[PDB]
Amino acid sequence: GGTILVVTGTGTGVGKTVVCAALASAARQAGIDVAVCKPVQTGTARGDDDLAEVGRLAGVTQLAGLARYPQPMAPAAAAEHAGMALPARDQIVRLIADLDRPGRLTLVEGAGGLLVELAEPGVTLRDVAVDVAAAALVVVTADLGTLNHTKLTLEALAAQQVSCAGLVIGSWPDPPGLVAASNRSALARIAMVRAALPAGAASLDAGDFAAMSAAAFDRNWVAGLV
């Protein structure tokens, strides 16, 4: 056994891909084996491909997924439109357990939010964390409203004994602003803020990105993921 984390987001478009990328790239630069799994990818019509973005930005080659739906909806909504069931709960859990091995950091990127249907029937990213005993990394904004959403997600995590590996602000703006600045200290007061990626990091080339990612996360913390 190794270390699986689910990476989940408080909202639409908070930067969870760039955070998996970032944490993958920081953890690869610590000589850890890293695999990112995206069981369900939606929004392929407009061209989403989060595993690819983790490949380009972070250089991970163990990139595992199971289904791809064109529509930019929540998984079940993009499958109900498509006419094709979500993966079975069994496929998601065994894909992740097969990736997982001693010494490997395994990131598991949700589709949408923590409590949306990820596999048939009605089984969510939170269930999947329970089934594989993964902790949850929560991606958050700094913008107004983040506090409510973040408390809501930690409550939903604790309610099923899914540990919270911490928060990551997916976009730290420049210059902050009073709200961004206030929310960041407040978020640090209810959970540990593992990192706050600079805005626009999702366009750095592979090398610039890797230096940012190495600067974003705590050295010992990454290493301690093991």
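We call the rigid core the largest set of C-alpha positions that still match within 1.5 Å between the two forms. For every residue, the number given is its place in the sequence shown, counted from 1.
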Worksheet entry | Which of 110-118 and 124-132 strays further in 9 other deposited structures of this protein - Cα RMS after rigid core alignment | 110-118
Discussion item. Per the record, averaged over C-alpha atoms, which has the higher B-factor: 174-182 or 56-64?
Written reply: 174-182
Discussion item. Mean Cα B factor from the PDB record: higher for 33-41, or higher for 197-205?
Written reply: 197-205
Worksheet item: Per the coordinate record, which of the options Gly103, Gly113, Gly145, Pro72 holds the highest CA temperature factor?
Response: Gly103
Worksheet item: When the modelled residues of the chain are sorted by Cα temperature factor, does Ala216 land in the lowest, middle or highest third?
Response: highest
Item to complete: State the tercile, meaning the lowest, middle or highest third, of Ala134 with respect to the CA B-factors recorded for its chain.
Response: middle
Practice prompt. Could you tell me which third, lowest, middle or highest, the C-alpha B-factor of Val222 occupies within its chain?
Written response: highest
Worksheet item: Hey, what third does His81 fall into on Cα B-factor, ranked over its chain?
Response: highest
Worksheet item: Of the three thirds of its chain by CA temperature factor, lowest, middle or highest, which one includes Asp90?
Response: highest
